[PDB]
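Residue numbering for the sequence shown follows my numbering, beginning at 6 and increasing consecutively. Okay, structure first, notes after.
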Amino acid sequence: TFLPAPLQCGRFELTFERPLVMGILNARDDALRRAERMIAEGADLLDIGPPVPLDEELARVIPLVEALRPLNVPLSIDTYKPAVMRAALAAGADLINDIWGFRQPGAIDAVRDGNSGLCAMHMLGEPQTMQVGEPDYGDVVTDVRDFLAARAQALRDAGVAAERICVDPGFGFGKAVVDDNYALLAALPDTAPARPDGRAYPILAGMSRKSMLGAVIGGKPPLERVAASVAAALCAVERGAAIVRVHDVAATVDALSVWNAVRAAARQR
């Protein structure tokens, strides 16, 4: 029992007495009721996710935000495009999830206003071309914390209050598949830099169905990684995570219901 710092996130003041589950959502009706299921399954947030023409990315994301606004659960956007961020916030999205660390030109300007939650992810890459890079680290843990601290500073320098910001070590983006990813999972609480109050920024962790998983289970396909994905989530929560982003929602909630019983009893002594 440690408590991750709260996250102001749009409509919702989110507090982490228990860690929360982000269901990954990504036909428009197909996905309307796919989200009613996720909520019923125990999802506490919904992650609305070549690449795509702005014309298109907008057609497929903006209706979904308005379609699901009234369900009243935190709605999160997986985008690095400022135009996408600008639009989605206006349509009432609660949290922006950006692989690029709010580095694309304009990104910080598009989100410095309002109450939305912001999660800055670590990734090794050249923002200009959007080419993901090859690993290169001193201590990968020091390096990821260092990077994310610079990004929390950048956001705060443009008016963003410390408490709207959570961070993400970016399993799978520029990391040696096992050596770097598991180093970060093993050291998870040490990957978040300090808020001005001294508390660490809450951490979001997304490992679901990822390569780091398939590499330790003799190479199973992305859809054959459920129990592996659950396991990574528990390890992450056992080590500090505030939120875990997953495709397999009910399994993850079941697991975390066991973990919370355990912690509830370690506290009763």
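C-beta: ideal position from N, C-alpha, C; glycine also.
Here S234 is not bridged, per DSSP, to any residue.
Checking the DSSP bridge columns, you'll see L123 partnered with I101 and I170. Residue pairing by DSSP puts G28 in a beta bridge opposite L51 and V251.
DSSP lists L51 as the bridge partner or partners of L80. Look at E131 here: in three-state DSSP terms it is strand. By the neighbour-count criterion, in which 16 or more other beta carbons inside 10 Å mark a residue as buried, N186 falls on the buried side. Only residues of its own chain outside the window of five on either side were considered, and among them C124, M126 and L209 have a CB closer than 6 Å to the CB of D173, listed in chain order. Between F17 and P207, the beta carbon gap of about 13 Å keeps them out of contact (Cβ cut-off 8 Å).
Contact check between the stretch 32 to 50 and the stretch 240 to 255: three or more CB pairs, one atom from each, fall below 8 Å, which counts as touching. Here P79 is buried, its C-beta having at least 16 other C-beta atoms within 10 Å. Judged by their CB atoms, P9 and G179 are not nearer to each other than the 8 Å cut-off. In this structure, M135 and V116 do not form a Cβ contact; the two beta carbons are roughly 19 Å apart against a cut-off of 8 Å. By the Cβ-count criterion, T84 is buried, with 16 or more other Cβ atoms from all chains shown falling within 10 Å of its own Cβ. Between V145 and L189, the beta carbon gap of about 6 Å places them in contact (Cβ cut-off 8 Å).
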